[PDB]
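Trainee: Got a file for you: structure31.tsv, TSV, C-alpha atoms and all ligand atoms.
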```tsv
chain	number	residue	atom	x	y	z
A	1	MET	CA	-79.49	32.75	-40.02
A	2	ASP	CA	-78.21	29.79	-37.89
A	3	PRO	CA	-74.54	28.69	-37.76
A	4	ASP	CA	-73.04	28.63	-41.28
A	5	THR	CA	-69.23	28.49	-40.96
A	6	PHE	CA	-69.30	27.56	-37.23
A	7	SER	CA	-71.47	24.44	-37.76
A	8	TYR	CA	-69.05	23.68	-40.65
A	9	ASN	CA	-65.87	23.20	-38.55
A	10	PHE	CA	-66.24	24.84	-35.08
A	11	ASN	CA	-68.75	22.04	-34.21
A	12	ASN	CA	-67.37	19.30	-31.89
A	13	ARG	CA	-70.02	16.53	-32.25
A	14	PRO	CA	-70.83	16.29	-35.99
A	15	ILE	CA	-72.82	13.41	-37.55
A	16	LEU	CA	-69.67	11.26	-38.03
A	17	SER	CA	-66.56	13.53	-38.18
A	18	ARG	CA	-64.94	13.88	-41.67
A	19	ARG	CA	-65.71	17.65	-41.83
A	20	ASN	CA	-62.74	20.03	-41.30
A	21	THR	CA	-61.77	21.46	-44.73
A	22	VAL	CA	-61.12	25.03	-43.46
A	23	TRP	CA	-58.10	27.26	-42.66
A	24	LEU	CA	-58.68	29.37	-39.48
A	25	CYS	CA	-61.11	32.09	-38.31
A	26	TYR	CA	-59.41	35.11	-36.70
A	27	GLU	CA	-60.65	38.30	-35.01
A	28	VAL	CA	-58.52	41.47	-34.92
A	29	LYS	CA	-59.27	43.60	-31.83
A	30	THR	CA	-57.30	45.71	-29.31
A	31	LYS	CA	-55.33	44.48	-26.26
A	32	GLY	CA	-58.06	44.42	-23.53
A	33	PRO	CA	-59.56	47.81	-22.59
A	34	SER	CA	-62.92	48.35	-20.81
A	35	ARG	CA	-66.32	47.75	-22.50
A	36	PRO	CA	-66.62	50.36	-25.28
A	37	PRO	CA	-70.00	52.06	-25.82
A	38	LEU	CA	-69.58	51.97	-29.65
A	39	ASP	CA	-68.97	48.88	-31.85
A	40	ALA	CA	-65.13	49.20	-31.44
A	41	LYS	CA	-62.84	47.84	-34.21
A	42	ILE	CA	-63.44	44.05	-34.20
A	43	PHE	CA	-62.55	42.53	-37.61
A	44	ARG	CA	-63.42	38.82	-37.98
A	45	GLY	CA	-62.28	36.99	-41.14
A	46	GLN	CA	-60.53	33.81	-42.37
A	47	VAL	CA	-57.92	32.64	-44.93
A	48	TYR	CA	-60.10	30.98	-47.65
A	49	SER	CA	-58.55	30.11	-51.05
A	50	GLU	CA	-57.52	33.74	-51.82
A	51	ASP	CA	-54.08	34.05	-50.16
A	52	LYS	CA	-51.63	31.11	-50.46
A	53	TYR	CA	-50.06	32.08	-47.09
A	54	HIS	CA	-52.05	31.74	-43.83
A	55	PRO	CA	-52.57	34.89	-41.68
A	56	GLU	CA	-48.79	34.89	-40.81
A	57	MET	CA	-47.56	37.88	-42.87
A	58	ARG	CA	-50.45	38.70	-45.30
A	59	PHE	CA	-52.65	39.35	-42.19
A	60	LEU	CA	-50.44	42.40	-41.37
A	61	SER	CA	-51.72	44.13	-44.55
A	62	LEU	CA	-55.13	44.40	-42.80
A	63	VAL	CA	-53.40	45.89	-39.76
A	64	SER	CA	-51.74	48.36	-42.18
A	65	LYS	CA	-55.02	48.86	-44.12
A	66	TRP	CA	-56.93	49.97	-40.98
A	67	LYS	CA	-54.75	53.05	-40.29
A	68	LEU	CA	-55.70	56.53	-38.91
A	69	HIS	CA	-56.71	54.80	-35.63
A	70	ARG	CA	-53.56	53.71	-33.71
A	71	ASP	CA	-54.20	53.20	-29.96
A	72	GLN	CA	-51.39	51.18	-28.30
A	73	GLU	CA	-51.65	47.35	-28.49
A	74	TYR	CA	-53.81	44.98	-30.60
A	75	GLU	CA	-55.05	41.44	-29.74
A	76	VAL	CA	-55.72	38.76	-32.40
A	77	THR	CA	-57.54	35.45	-31.70
A	78	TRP	CA	-56.82	32.60	-34.16
A	79	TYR	CA	-59.27	29.64	-34.30
A	80	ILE	CA	-57.38	26.87	-36.16
A	81	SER	CA	-58.25	23.14	-36.51
A	82	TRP	CA	-56.88	21.21	-39.55
A	83	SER	CA	-54.51	23.01	-41.99
A	84	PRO	CA	-50.84	23.97	-42.64
A	85	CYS	CA	-50.92	26.18	-39.49
A	86	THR	CA	-47.99	24.08	-38.08
A	87	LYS	CA	-45.18	25.74	-40.08
A	88	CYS	CA	-47.50	28.77	-39.99
A	89	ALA	CA	-47.21	28.59	-36.17
A	90	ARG	CA	-43.42	29.06	-36.59
A	91	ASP	CA	-44.08	32.06	-38.88
A	92	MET	CA	-46.67	33.17	-36.25
A	93	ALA	CA	-43.89	33.86	-33.73
A	94	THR	CA	-42.32	35.91	-36.57
A	95	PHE	CA	-45.42	38.19	-36.91
A	96	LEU	CA	-45.73	38.42	-33.10
A	97	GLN	CA	-41.97	39.13	-32.65
A	98	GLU	CA	-41.98	41.82	-35.40
A	99	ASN	CA	-45.06	43.61	-33.94
A	100	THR	CA	-44.40	43.08	-30.15
A	101	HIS	CA	-47.33	45.41	-29.22
A	102	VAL	CA	-49.75	42.72	-30.54
A	103	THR	CA	-51.12	39.71	-28.60
A	104	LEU	CA	-51.71	36.32	-30.23
A	105	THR	CA	-54.38	33.78	-29.19
A	106	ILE	CA	-53.79	30.63	-31.29
A	107	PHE	CA	-56.29	27.75	-30.90
A	108	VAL	CA	-55.73	24.12	-32.03
A	109	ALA	CA	-58.23	21.29	-32.69
A	110	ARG	CA	-56.32	18.49	-34.52
A	111	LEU	CA	-58.81	15.65	-33.66
A	112	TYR	CA	-56.19	13.26	-35.18
A	113	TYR	CA	-52.96	12.49	-33.25
A	114	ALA	CA	-50.01	11.06	-35.24
A	115	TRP	CA	-46.56	12.39	-34.19
A	116	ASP	CA	-45.96	16.10	-33.41
A	117	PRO	CA	-43.88	16.30	-30.20
A	118	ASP	CA	-41.72	19.20	-31.52
A	119	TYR	CA	-44.81	21.04	-32.89
A	120	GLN	CA	-46.28	21.58	-29.40
A	121	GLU	CA	-42.84	22.75	-28.13
A	122	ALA	CA	-42.47	25.15	-31.08
A	123	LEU	CA	-45.88	26.56	-30.09
A	124	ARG	CA	-44.41	27.16	-26.59
A	125	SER	CA	-41.70	29.31	-28.27
A	126	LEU	CA	-44.36	31.13	-30.34
A	127	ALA	CA	-46.16	31.67	-26.98
A	128	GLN	CA	-42.92	33.11	-25.46
A	129	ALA	CA	-43.04	35.82	-28.16
A	130	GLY	CA	-46.37	36.93	-26.59
A	131	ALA	CA	-49.01	34.44	-27.85
A	132	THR	CA	-51.46	31.97	-26.25
A	133	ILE	CA	-51.79	28.39	-27.55
A	134	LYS	CA	-54.75	26.38	-26.20
A	135	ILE	CA	-57.13	23.73	-27.63
A	136	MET	CA	-60.54	25.04	-28.82
A	137	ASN	CA	-62.74	25.76	-25.76
A	138	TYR	CA	-66.53	26.00	-25.35
A	139	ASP	CA	-65.79	29.70	-24.71
A	140	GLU	CA	-64.12	29.96	-28.16
A	141	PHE	CA	-67.28	28.59	-29.86
A	142	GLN	CA	-69.66	30.58	-27.61
A	143	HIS	CA	-67.60	33.63	-28.76
A	144	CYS	CA	-67.19	32.64	-32.45
A	145	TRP	CA	-70.92	31.83	-32.38
A	146	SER	CA	-71.73	35.51	-31.67
A	147	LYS	CA	-68.93	36.65	-34.06
A	148	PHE	CA	-69.62	34.36	-37.07
A	149	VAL	CA	-73.05	32.69	-36.39
A	150	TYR	CA	-76.34	34.62	-36.60
A	151	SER	CA	-79.13	32.80	-34.64
A	152	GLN	CA	-80.60	36.30	-33.88
A	153	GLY	CA	-77.67	36.77	-31.40
A	154	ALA	CA	-78.77	33.89	-29.11
A	155	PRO	CA	-76.62	32.71	-26.18
A	156	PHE	CA	-75.39	29.42	-27.71
A	157	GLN	CA	-74.57	26.92	-24.90
A	158	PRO	CA	-72.78	23.53	-24.90
A	159	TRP	CA	-74.56	20.63	-26.68
A	160	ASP	CA	-73.53	16.91	-26.51
A	161	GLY	CA	-70.49	17.67	-24.30
A	162	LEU	CA	-68.77	20.47	-26.30
A	163	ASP	CA	-66.90	21.76	-23.21
A	164	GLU	CA	-66.23	18.08	-22.42
A	165	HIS	CA	-64.64	17.73	-25.89
A	166	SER	CA	-62.69	21.02	-25.54
A	167	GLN	CA	-61.04	19.78	-22.32
A	168	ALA	CA	-60.65	16.26	-23.81
A	169	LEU	CA	-58.63	17.77	-26.69
A	170	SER	CA	-56.71	20.06	-24.28
A	171	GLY	CA	-55.50	16.89	-22.50
A	172	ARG	CA	-54.31	15.63	-25.92
A	173	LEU	CA	-52.49	18.96	-26.52
A	174	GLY	CA	-50.28	18.46	-23.43
A	175	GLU	CA	-49.77	14.77	-24.29
A	176	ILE	CA	-48.62	15.77	-27.81
A	177	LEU	CA	-45.51	17.26	-26.15
A	178	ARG	CA	-45.50	14.73	-23.22
A	179	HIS	CA	-46.60	11.35	-24.65
A	180	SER	CA	-44.66	11.12	-27.96
A	201	ZN	ZN	-52.10	29.63	-39.67
```
As structure tokens, what does this structure read like?
Mentor:
Amino acid sequence: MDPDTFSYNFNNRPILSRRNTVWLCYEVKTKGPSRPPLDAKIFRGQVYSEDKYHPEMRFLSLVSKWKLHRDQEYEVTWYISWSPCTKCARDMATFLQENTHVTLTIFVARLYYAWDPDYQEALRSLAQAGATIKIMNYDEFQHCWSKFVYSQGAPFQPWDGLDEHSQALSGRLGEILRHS
């Protein structure tokens, strides 16, 4: 019941920050067909302390594990915030360039700017492979809320300016590559 892992890191207005010890939540679905009548094949998971590598190459084993159901293209959303997903982002373009028929939706939070002008540009190259890099949005939480939170399946809306914080961080994402 209630938000367990989402209130842990996906939150934007915590008591006093200092709460982002997580890797990244990802959902493995198909490209973007019409609304399916059944439950479809939506697999939502994370990295945890089981695999030393992020979902760069070890994530493909799940794609290989769920066989006997090939359609055409698969879409994967990646909710990341504070972890080694920077070099992972370079390896991300490697999983996206080796699959090609897969779409990548990488999300970044950061919440702590220091000096990563080339990082944002490298994400542009990972996006050229066929991925999407954008700061966490109220829509990513409203979605992850239904995917990872319970709350009886309630329509979770913005709280103390969550969408205001998602666009405030998105402005910092463009300044990471602009204002160095
Ligand atoms: Zn990663």
Trainee: Residues near residue 104 of chain A, anyone? I mean within 7 Å using all atoms listed in the file, not counting same-chain ones fewer than 3 positions away, as a list in words.
Mentor: residues 75, 76, 77, 96, 130, 131 and 132 of chain A
Trainee: For the selection you just gave me, I'd like the residues written to a file as a PDB file, keeping the file's coordinate frame, keeping C-alpha atoms.
Mentor:
```
ATOM      1  CA  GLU A  75     -55.050  41.440 -29.740  1.00  0.00           C
ATOM      2  CA  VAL A  76     -55.720  38.760 -32.400  1.00  0.00           C
ATOM      3  CA  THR A  77     -57.540  35.450 -31.700  1.00  0.00           C
ATOM      4  CA  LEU A  96     -45.730  38.420 -33.100  1.00  0.00           C
ATOM      5  CA  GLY A 130     -46.370  36.930 -26.590  1.00  0.00           C
ATOM      6  CA  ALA A 131     -49.010  34.440 -27.850  1.00  0.00           C
ATOM      7  CA  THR A 132     -51.460  31.970 -26.250  1.00  0.00           C
TER       8      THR A 132
END
```
Trainee: Counting only C-alpha atoms, what is within 7 Å of segment 54-59 of chain A, bar same-chain residues fewer than 6 positions away, as a compact mmCIF listing (two decimals) with C-alpha atoms, in the coordinates of the input?
Mentor:
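result.txt, written as the output of this step:
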```
# COMPACT_ATOMS: atom_id res chain seq x y z
CA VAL A 47 -57.92 32.64 -44.93
CA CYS A 88 -47.50 28.77 -39.99
CA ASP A 91 -44.08 32.06 -38.88
CA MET A 92 -46.67 33.17 -36.25
CA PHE A 95 -45.42 38.19 -36.91
```
Trainee: For the contact check between chain A and ligand ZN 201 (chain A), emit one row per residue of chain A within 10 Å, containing the shortest atom pair and the distance in Å rounded to one decimal, counting all atoms listed in the file, chain then rising number order, as JSON lines.
Mentor:
```
{"residue": "A:23", "atom": "CA", "partner": "A:ZN201", "partner_atom": "ZN", "distance": 7.1}
{"residue": "A:24", "atom": "CA", "partner": "A:ZN201", "partner_atom": "ZN", "distance": 6.6}
{"residue": "A:25", "atom": "CA", "partner": "A:ZN201", "partner_atom": "ZN", "distance": 9.4}
{"residue": "A:26", "atom": "CA", "partner": "A:ZN201", "partner_atom": "ZN", "distance": 9.6}
{"residue": "A:46", "atom": "CA", "partner": "A:ZN201", "partner_atom": "ZN", "distance": 9.8}
{"residue": "A:47", "atom": "CA", "partner": "A:ZN201", "partner_atom": "ZN", "distance": 8.4}
{"residue": "A:53", "atom": "CA", "partner": "A:ZN201", "partner_atom": "ZN", "distance": 8.1}
{"residue": "A:54", "atom": "CA", "partner": "A:ZN201", "partner_atom": "ZN", "distance": 4.7}
{"residue": "A:55", "atom": "CA", "partner": "A:ZN201", "partner_atom": "ZN", "distance": 5.7}
{"residue": "A:56", "atom": "CA", "partner": "A:ZN201", "partner_atom": "ZN", "distance": 6.3}
{"residue": "A:57", "atom": "CA", "partner": "A:ZN201", "partner_atom": "ZN", "distance": 9.9}
{"residue": "A:78", "atom": "CA", "partner": "A:ZN201", "partner_atom": "ZN", "distance": 7.8}
{"residue": "A:79", "atom": "CA", "partner": "A:ZN201", "partner_atom": "ZN", "distance": 9.0}
{"residue": "A:80", "atom": "CA", "partner": "A:ZN201", "partner_atom": "ZN", "distance": 6.9}
{"residue": "A:81", "atom": "CA", "partner": "A:ZN201", "partner_atom": "ZN", "distance": 9.5}
{"residue": "A:82", "atom": "CA", "partner": "A:ZN201", "partner_atom": "ZN", "distance": 9.7}
{"residue": "A:83", "atom": "CA", "partner": "A:ZN201", "partner_atom": "ZN", "distance": 7.4}
{"residue": "A:84", "atom": "CA", "partner": "A:ZN201", "partner_atom": "ZN", "distance": 6.5}
{"residue": "A:85", "atom": "CA", "partner": "A:ZN201", "partner_atom": "ZN", "distance": 3.7}
{"residue": "A:86", "atom": "CA", "partner": "A:ZN201", "partner_atom": "ZN", "distance": 7.1}
{"residue": "A:87", "atom": "CA", "partner": "A:ZN201", "partner_atom": "ZN", "distance": 7.9}
{"residue": "A:88", "atom": "CA", "partner": "A:ZN201", "partner_atom": "ZN", "distance": 4.7}
{"residue": "A:89", "atom": "CA", "partner": "A:ZN201", "partner_atom": "ZN", "distance": 6.1}
{"residue": "A:90", "atom": "CA", "partner": "A:ZN201", "partner_atom": "ZN", "distance": 9.2}
{"residue": "A:91", "atom": "CA", "partner": "A:ZN201", "partner_atom": "ZN", "distance": 8.4}
{"residue": "A:92", "atom": "CA", "partner": "A:ZN201", "partner_atom": "ZN", "distance": 7.3}
{"residue": "A:106", "atom": "CA", "partner": "A:ZN201", "partner_atom": "ZN", "distance": 8.6}
{"residue": "A:107", "atom": "CA", "partner": "A:ZN201", "partner_atom": "ZN", "distance": 9.9}
```
Trainee: Of the candidates A:150, A:67, A:173, A:115, which one gets nearest to residue 2 of chain A if we count all atoms listed in the file?
Mentor: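 Of the candidates, the smallest distance to residue 2 of chain A is held by A:150.
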Trainee: May I ask which of the residues A:15, A:114, A:168, A:154 is the closest one to residue 137 of chain A, counting only C-alpha atoms?
Mentor: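 When distances to residue 137 of chain A are compared using only C-alpha atoms, the smallest one comes from A:168.
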Trainee: Give me the residues within 9 Å of residue 9 of chain A as number ranges by chain, counting all atoms listed in the file and dropping any in the same chain fewer than 6 places off.
Mentor: A: 19-22, 81
Trainee: Kindly indicate which residue among A:127, A:163, A:12, A:34 lies nearest to residue 110 of chain A, using all atoms listed in the file for the distances.
Mentor: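 Residue with the minimum atom-to-atom distance to residue 110 of chain A: A:12.
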Trainee: Which one is closest to residue 149 of chain A: A:35, A:44, A:134, A:29? Count all atoms listed in the file.
Mentor: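 Closest to residue 149 of chain A of all the choices is A:44.
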Trainee: Please identify all polymer residues within 9 Å of residue 157 of chain A, counting all atoms listed in the file, omitting same-chain residues fewer than 5 positions from it, and present them as a PyMOL selection string.
Mentor: chain A and resi 138+141-142+162
Trainee: Got a sec: who's within 12 Å of residue 121 of chain A, counting only C-alpha atoms, leaving out chain neighbours fewer than 3 positions off, as JSON, numbers by chain?
Mentor: {"A": [86, 89, 90, 116, 117, 118, 124, 125, 126, 127, 128, 133, 173, 174, 175, 176, 177, 178, 180]}
Trainee: With all atoms listed in the file as the atoms that count, which of A:156, A:164, A:103, A:50 lies nearest to residue 144 of chain A?
Mentor: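 Checking each candidate against residue 144 of chain A, we get A:156 as the closest.
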Trainee: Select, from A:166, A:105, A:5, A:120, the residue with the minimum atom-to-atom distance to residue 74 of chain A, counting all atoms listed in the file.
Mentor: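 Among the listed residues, A:105 lies closest to residue 74 of chain A.
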Trainee: Distance atom CA of residue 63 of chain A-atom CA of residue 28 of chain A, one decimal place?
Mentor: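 Rounded to one decimal, the two atoms are 8.3 Å apart.
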Trainee: How many Å separate atom CA of residue 151 of chain A from atom CA of residue 1 of chain A?
Mentor: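 It comes out at 5.4 Å.
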Trainee: One number please: atom CA of residue 38 of chain A to atom CA of residue 70 of chain A, in Å, one decimal.
Mentor: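 These two atoms are separated by 16.6 Å.
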